[PDB]
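See below for the structure under consideration.
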Amino acid sequence: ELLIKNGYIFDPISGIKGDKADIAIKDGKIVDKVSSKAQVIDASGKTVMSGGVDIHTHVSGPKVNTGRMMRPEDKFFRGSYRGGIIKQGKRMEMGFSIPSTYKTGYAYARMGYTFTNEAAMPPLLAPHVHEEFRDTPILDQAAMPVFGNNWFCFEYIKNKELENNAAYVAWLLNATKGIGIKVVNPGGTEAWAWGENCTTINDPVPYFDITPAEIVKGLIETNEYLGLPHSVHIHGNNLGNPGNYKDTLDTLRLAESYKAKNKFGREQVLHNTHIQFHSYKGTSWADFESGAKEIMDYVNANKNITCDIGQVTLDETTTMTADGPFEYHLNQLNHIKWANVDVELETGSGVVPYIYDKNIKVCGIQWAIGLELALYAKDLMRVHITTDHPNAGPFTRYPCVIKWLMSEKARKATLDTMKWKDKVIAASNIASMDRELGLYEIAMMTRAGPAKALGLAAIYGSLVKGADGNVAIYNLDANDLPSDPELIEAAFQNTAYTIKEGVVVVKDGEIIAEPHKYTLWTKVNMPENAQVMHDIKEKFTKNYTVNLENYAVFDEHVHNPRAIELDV
Amino acid sequence: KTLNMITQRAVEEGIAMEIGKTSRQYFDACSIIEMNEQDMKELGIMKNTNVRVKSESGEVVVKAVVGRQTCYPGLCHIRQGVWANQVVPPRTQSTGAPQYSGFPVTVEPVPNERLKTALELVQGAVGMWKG
Amino acid sequence: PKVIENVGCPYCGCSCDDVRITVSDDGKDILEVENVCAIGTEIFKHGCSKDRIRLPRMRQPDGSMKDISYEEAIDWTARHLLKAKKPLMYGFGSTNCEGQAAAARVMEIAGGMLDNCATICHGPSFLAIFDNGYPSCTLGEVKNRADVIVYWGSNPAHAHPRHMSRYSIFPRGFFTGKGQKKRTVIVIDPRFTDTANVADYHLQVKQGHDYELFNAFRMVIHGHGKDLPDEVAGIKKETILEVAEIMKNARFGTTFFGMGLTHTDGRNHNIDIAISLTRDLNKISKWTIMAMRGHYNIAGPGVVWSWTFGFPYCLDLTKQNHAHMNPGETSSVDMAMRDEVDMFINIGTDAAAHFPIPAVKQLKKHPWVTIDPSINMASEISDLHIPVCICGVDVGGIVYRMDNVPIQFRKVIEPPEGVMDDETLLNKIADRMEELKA
Amino acid sequence: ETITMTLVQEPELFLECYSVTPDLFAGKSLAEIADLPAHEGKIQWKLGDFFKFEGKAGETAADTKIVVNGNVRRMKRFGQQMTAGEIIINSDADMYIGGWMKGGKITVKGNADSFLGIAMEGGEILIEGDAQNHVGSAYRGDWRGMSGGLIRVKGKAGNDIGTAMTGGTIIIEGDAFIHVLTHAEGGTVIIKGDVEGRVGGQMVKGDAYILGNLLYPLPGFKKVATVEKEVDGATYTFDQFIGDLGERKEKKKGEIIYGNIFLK
Amino acid sequence: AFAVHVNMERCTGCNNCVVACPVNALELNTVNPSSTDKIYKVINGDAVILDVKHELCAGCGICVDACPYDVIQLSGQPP
Ligand SMILES: Nc1nc2c(c(=O)[nH]1)N[C@H]1C(S)=C(S)[C@@H](COP(=O)(O)OP(=O)(O)OC[C@H]3O[C@@H](n4cnc5c(=O)[nH]c(N)nc54)[C@H](O)[C@@H]3O)O[C@H]1N2
Ligand SMILES: Nc1nc2c(c(=O)[nH]1)N[C@H]1C(S)=C(S)[C@@H](COP(=O)(O)OP(=O)(O)OC[C@H]3O[C@@H](n4cnc5c(=O)[nH]c(N)nc54)[C@H](O)[C@@H]3O)O[C@H]1N2
Ligand code: SF4
Ligand code: SF4
Ligand code: SF4
Ligand SMILES: [Mo]
Ligand SMILES: [Zn+2]
Ligand SMILES: [Zn+2]
């Protein structure tokens with residue numbers, strides 16, 4: 001139905017480096033050979049990858065809508081719109097940070113991305129997430145229910161019932177149509193409901209006397225027992241404070257006794273996210289330096305731990321994490337707006353604007369840390385690229401991240417335009433670092449890393465036979481990289497083409513059409529537990545305002561699902 | 001005399017509107033002043049008698065009763081609806097929320113004058129009062 | 001005798017979904033309704049009526065009102081929306097969230113002003129949220145944890161009837177097994193309302209002085225409360241100190257507010273001083289402000305237009321590719337005052353009844369269209385009255401509670417043969433407008 | 001050196017004539033100026049469809065100077081983001097005059113609607129009419145608003161004077177209404193008449209000179225001294241109040257700084 | 001075993017007489033519930049007392065103290 005003739009190919013899942021191969025998409029799925037009726041694309045001298053996969057991004061949900069409400073300065077500022085003015089598609093694009101659903105979809109399409117994994121969703125608020133997903137334009141999308149502060153998963157990991165906790169995770173996933181498990185600030189977010197926080201890995205939750213370590217271990221056992229596609233995506237504890245690299249190592253040492261068992265290809269057992277946030281060092285903000293060296297030494301050791309960076313893009317942004325205490329602490333630091341949304345028997349929330357400006361030693365070192373993490377990686381397949389959008393910057397700054405990685409001139413420029421360059425270079429190591437990640441490496445840790453880690457590399461993230469026909473062609477030639485890094489910025493910002501399951505949707509960087517989208521979920525098939533059925537009924541009668549029969553997203557409120565089924 | 005005033009809700013009022021905005025229940029529920037007993041005595045208002053509530057942005061003839069929800073001396077109250085919005089001032093203070101509670105008004109005991117129905121009030125304000 | 005569980009009551013912010021209906025044998029008569037308040041009972045009793053509007057109805061020259069077909073009404077509205085220069089679509093308090101998405105699309109095509117009942121109700125609150133933030137919580141949180149409850153300027157007994165018995169006071173939660181008897185309820189308003197009857201304290205404040213009251217509380221909290229005058233806003237300093245001590249010692253508090261704050265002097269500054277007070281209390285305790293939203297899905301337009309245009313209300317969609325929002329300039333009442341409109345579309349509200357009559361007089365100079373299920377004041381001074389299904393009775397969908405938690409409403413009656421719903425209607429209007437090629 | 005604009009066709013609705021600035025008029029031919037864009041409702045007019053031009057603009061905005069001589073009392077957005085030059089409105093005006101301005105000066109000879117000088121950053125305004133509310137107020141949802149310049153409302157102001165103000169000065173030669181200098185952080189406000197009250201609420205820092213009479217003083221201000229101050233006048237012997245003790249206070253080197261409101 | 005009378009004319013369906021009755025609260029809020037019968041249930045918007053034969057009430061006054069707009073009269077004398 002389509003073929004992309006004579007373009008450089010970069011498929012890390014097939015180990016292909018700059019071959020003049022031809023991809024023959026045929027009815028949404030890549031096939032070896034298609035006849036001469038297929039419309040061709042002359043991609044000569046253009047770098048072809050697969051449709052990028054994003055593993056961690058908050059592009060929907062109650063947090064994001066609370067941010068959009070709370071922050072109308074975001075759209076309009078100093079008279080002119082910082083989101084730019086454009087109506088390429090059939091709708092509008094509003095928002096610099098936290099863009100409206102129509103801007104997120106179009107901006108990823110122009111990026112080349114095709115799958116975005118909306119990380120955190122409170123299970124009670126699932127119709128909201130599925131409604132915003134119906135409105136996102138082209139990207140296929142899945143969301144990950146949060147199970148690290150659920151009361152039901154505090155009972156079961158207290159009382160050591162792997163089977164019951166597994167049945168409950170399967171029930172939740174089947175209700176909220178999720179795709180994995182996210183633990184956001186294990187245990188602590190619930191102590192925030194009383195106003196406290198779990199500052200380490202060992203302290204107990206109020207009234208539950210379970211610890212972050214116990215809950216993380218229980219959820220890992222549950223996950224690897226059910227064989228879910230994606231691992232236990234983990235946030236961590238003591239976020240955003242100096243000296244917490246020790247605690248980050250303590251929480252990473254929780255996987256030393258598990259093996260990823262599933263019918264999908266993944267080598268992780270847990271996925272530690274925005275680690276440039278967890279890799280701080282020192283006592284306070286005046287004796288603050290980078291622990292990225294130690295964090296990546298541990299990760300380079302362990303092969304069942306995969307990561308991603310939370311590189312800060314050095315601009316104005318709103319920070320949304322499902323944990324309260326970090327956002328409250330940030331509000332008390334900078335004296336700006338703060339929004340808090342506690343969920344019932346489940347999670348927390350927090351939205352706080354923040355200025356990652358260039359004129360601060362703290363922000364400079366924060367910028368340097370993510371680069372140190374990415375440039376200390378011996379294996380890039382395990383270390384991905386996100387920005388925790390928008391916690392470390394909007395996704396429309398991904399090409400800036402890629403420029404910083406791929407051109408040391410860009411990093412020298414930023415460090416020179418930075419105000420406290422002397423302090424930042426003294427308290428970091430990124431000034432003297434030659435590594436420039438290659439185009440193959442960037443394709444690796446942008447497309448294959450996330451897909452393989454999500455354990456859905458069969459369909460997304462690669463150009464091998466049978467995969468989903470999502471292709472993204474770029475302007476730059478692989479033979480000689482551009483001299484000016486702004487060329488890289490533009491090349492990754494605007495794609496020459498972009499195909500979604502066989503239908504071209506972006507040309508020259510201009511949206512063309514929006515056929516449809518899928519919303520992946522997990523379909524664990526297993527006999528129900530009378531014990532968890534009874535416990536759920538009791539807990540809804542006593543504790544939840546909504547009803548048991550109205551908690552599950554109705555079969556008609558999900559948008560073209562395409563489940564991922566399982567057994568037992 | 002200056003007699004500050006507010007406009008608020010009541011269950012009988014909600015019940016009435018969901019029976020219907022053009023129903024006798026709605027008429028009975030909304031055409032009501034709920035003022036203080038001391039103020040009623042001082043003004044000279046017989047309980048359950050029509051009275052002229054006249055603010056700077058209109059006028060309305062409304063029954064004058066005493067309410068369980070004890071208004072302190074110097075406060076008035078109409079259950080929100082047609083009659084109250086005949087007299088609510090439109091000032092918004094550049095926020096879009098008209099002065100729905102807390103506008104001065106003068107009260108004049110005027111029995112022997114009928115009450116105006118909801119349709120008559122609105123369709124006559126617009127100029128459509130066929131009946 | 002076919003009992004239907006888990007229905008939604010479509011009237012107040014509580015979005016109660018614990019309603020049981022005993023529909024007739026033929027599935028078109030509602031016999032008995034259990035577990036709902038009276039205001040709701042009447043909604044269902046009206047929805048199950050036998051004599052209800054079925055076709056649109058146009059204003060003839062004579063002043064009477066005769067029926068027309070749906071296609072003719074859609075043609076009329078489409079042509080007028082395109083011919084106008086700045087139409088205004090108002091309402092959306094009582095509609096599903098698909099009804100508030102379809103409307104956004106329609107007015108994106110048109111180019112007019114799109115707005116909801118937020119402007120005249122809790123929009124002053126949003127304007128404060130923009131200033132200070134919204135430290136809030138879901139309602140199960142106060143059901144299961146709240147130790148102190150403050151109803152500042154609100155009247156749940158008459159506004160939201162089963163609010164107290166469902167979310168705030170009387171339910172015995174998890175950490176509040178003792179029920180009411182360990183909850184301290186403080187009610188502030190000049191009247192001695194039924195909420196104050198049920199309450200345990202009462203701060204009878206002079207109407208309009210809530211800003212001074214909040215400032216007094218916050219000076220107490222910040223610590224040097226000895227600098228208060230003898231009395232503040234009519235409240236006496238010792239009572240102020242009493243309530244402030246209770247608030248400080250609260251294990252988990254929660255503040256609710258309403259028209260007492262959003263409809264008086266300093267519309268949004270009252271709300272933002274309240275939010276500042278909450279943010280200050282979270283220094284030593286846990287406190288969560290929360291707005292007493294009125295209609296079921298009045299938080300639905302907020303979220304839907306947040307994800308669509310980024311602005312909850314007062315949308316300036318006239319540039320056709322960038323939207324604007326400034327409540328003092330783009331709101332329905334201010335535009336009606338400064339005759340800045342060209343067409344008013346009544347969708348899911350009663351503008352004629354519930355607007356000030358000067359604004360209604362100013363608006364009626366232009367054409368006027370109403371999309372309501374039943375007769376009301378707007379449908380009596382409109383030019384054509386298009387019927388539509390009722391959310392939660394004839395058609396289901398998502399609605400958004402007081403705290404932005406999506407409830408899924410169910411359908412209990414099939415709508416009368418011929419009547420469509422707003423998402424189908426707004427979509428047909430948008431299709432016809434694109435056919436007219438604008 | 002100058003441009004003359006005279007309204008010839010009356011617009012039935014409000015014209016968002018944001019394009020009328022020295023920045024857009026500088027160094028342009030008369031036909032070009034007459035065809036600069038201007039919106040009305042959902043239609044876009046050409047700005048020659050409502051005005052008649054007679055003059056010669058300069059090579060630079062700092063040179064040019066516009067004079068509007070008609071009933072421009074339903075025209076909004078005049079002076080938006082004006083960097084330098086001059087505007088005169090020989091009538092009254094509507095919303096957003098001088099919004100986000102960075103220099104120059106606007107001499108409205110009549111009234112003004114809301115949002116005058118929104119987020120201004122320099123320059124002058126010389127209204128002689130009754131400006132409405134939100135004079136100098138920051139845009140909805142912002143924390144750093146007006147940061148320089150001068151506003152001189154020679155009539156009755158309204159609500160939300162100097163909201164979230166950061167620097168500069170708002171002088172109201174008449175009187176005011178509720179909510180002066182809320183959320184503020186710096187600058188002055190010189191009200192010369194009766195104020196209903198609620199002045200200085202939420203203030204973190206700043207000054208609010210008042211020469212009229214506060215009728216509702218907020219509890220958050222306490223008298224600490226009686227000082228003589230020459231503000232826009234001469235020695236008026238003010239009795240300053242100190243800070244909004246309700247709201248947290250920024251601390252300087254070895255001293256907490258309060259937002260001191262003065263009085264007559 | 002007393003007798004409670006609910007003035008249907010001013011009952012709003014608030015359901016705070018159902019939630020607050022300590023005999024209603026026996027079923028779901030007790031360890032090993034003893035009796036699962038209920039005095040009030042709000043049918044058609046007004047509180048109906050299922051306790052027709054006056055066997056379960058205990059004259060507690062939690063329900064009279066609960067109704068916001070007094071509408072429940074408690075009779076302490078034999079019916
Ligand atoms: N039956 C019925 N129920 C309804 C409605 C209805 O119309 N009828 N409307 C629904 C909708 S649209 C709304 S928004 C909600 C809102 O309803 P609510 O937000 O709960 O507010 P109200 O019911 O109007 O009562 C507000 C209380 O604040 C008091 N008050 C007035 N001025 C002041 C003041 O200056 N200071 C203080 N501290 N208090 C003051 C008033 O006396 C009143 O007691 O109710 C909803 N529920
Ligand atoms: N004097 C005074 N007036 C006020 C106020 C005040 O405080 N004092 N408050 C103001 C405020 S808070 C607002 S909310 C208004 C509230 O007033 P409104 O927002 O106007 O509320 P209702 O009048 O009940 O509107 C209900 C109408 O929508 C219809 N409807 C129900 N479901 C649907 C649906 O699914 N689709 C469509 N298309 N229609 C449906 C209903 O049949 C009914 O016609 O009152 C305002 N007026
Ligand atoms: S409180 Fe509101 S939603 Fe609940 S039953 Fe009553 S009217 Fe319906
Ligand atoms: S008196 Fe006590 S036991 Fe009797 S009905 Fe009332 S609450 Fe129940
Ligand atoms: S508490 Fe009172 S008003 Fe509420 S249902 Fe019971 S008797 Fe009726
Ligand atoms: Mo409302
Ligand atoms: Zn995180
Ligand atoms: Zn995240």
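FYI, nothing fancy with the structure tokens labels: chains A, B, ... in order, residues from 1 per chain, ligands from 1 as they appear.
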
Which residues of chain A are close to chain D, meaning at most 7 Å apart when you count only C-alpha atoms, and how do they look as a list in words? residues 71, 72, 73, 78 and 79 of chain A

Include N, CA and C atoms and write out the residues we just selected as a PDB file, in the first residue's frame.
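Result file follows (result.pdb):
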ATOM      1  N   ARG A  71      -3.398  27.701  35.238  1.00  0.00           N
ATOM      2  CA  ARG A  71      -2.333  28.473  34.610  1.00  0.00           C
ATOM      3  C   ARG A  71      -2.772  28.969  33.238  1.00  0.00           C
ATOM      4  N   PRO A  72      -3.498  30.091  33.182  1.00  0.00           N
ATOM      5  CA  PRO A  72      -3.773  30.738  31.899  1.00  0.00           C
ATOM      6  C   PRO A  72      -2.702  31.719  31.463  1.00  0.00           C
ATOM      7  N   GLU A  73      -1.783  32.104  32.348  1.00  0.00           N
ATOM      8  CA  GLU A  73      -0.567  32.759  31.890  1.00  0.00           C
ATOM      9  C   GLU A  73       0.185  31.877  30.912  1.00  0.00           C
ATOM     10  N   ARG A  78       2.781  38.458  28.192  1.00  0.00           N
ATOM     11  CA  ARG A  78       3.385  39.704  27.728  1.00  0.00           C
ATOM     12  C   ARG A  78       2.778  40.193  26.422  1.00  0.00           C
ATOM     13  N   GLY A  79       1.488  39.944  26.221  1.00  0.00           N
ATOM     14  CA  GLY A  79       0.781  40.418  25.057  1.00  0.00           C
ATOM     15  C   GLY A  79       0.675  39.428  23.925  1.00  0.00           C
TER      16      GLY A  79
END

Using only C-alpha atoms, what table do you get, as a Markdown table, when you list each residue of range 56-83 of chain C with an atom no more than 12 Å from range 118-128 of chain B, its nearest pair of atoms, and their distance in Å rounded to one decimal, rows by chain then rising number?
| residue | atom | partner | partner_atom | distance |
| --- | --- | --- | --- | --- |
| C:59 | CA | B:128 | CA | 11.8 |
| C:62 | CA | B:128 | CA | 11.4 |
| C:63 | CA | B:128 | CA | 8.3 |
| C:64 | CA | B:128 | CA | 10.6 |

Separation of CA of residue 153 in chain D and CA of residue 94 in chain D, in Å?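 Between CA of residue 153 in chain D and CA of residue 94 in chain D the gap is 14.2 Å.
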
Return as a PyMOL selection string the residues belonging to chain E that are within 12 Å of chain A, counting only C-alpha atoms. chain E and resi 25+27-30

Would you list, as a PyMOL selection string, the residues of range 18-251 of chain D that end up in strand (DSSP E or B) under DSSP run on this structure's backbone? chain D and resi 38-40+43-45+51-53+56+66-68+75-76+87-89+105-108+112+124-125+131+147-153+161+167-172+180+188-191+195-197+199+208-210+214-216+222-223+227+230+235+238+241-242+251

For CA of residue 51 in chain D and CA of residue 7 in chain D, quote the distance in Å rounded to one decimal.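 Spanning CA of residue 51 in chain D to CA of residue 7 in chain D is a straight-line distance of 4.6 Å.
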
To one decimal in Å, tell me the separation between CA of residue 116 in chain C and atom 46 (C, counted along the ligand's line) of ligand 2. 11.4 Å
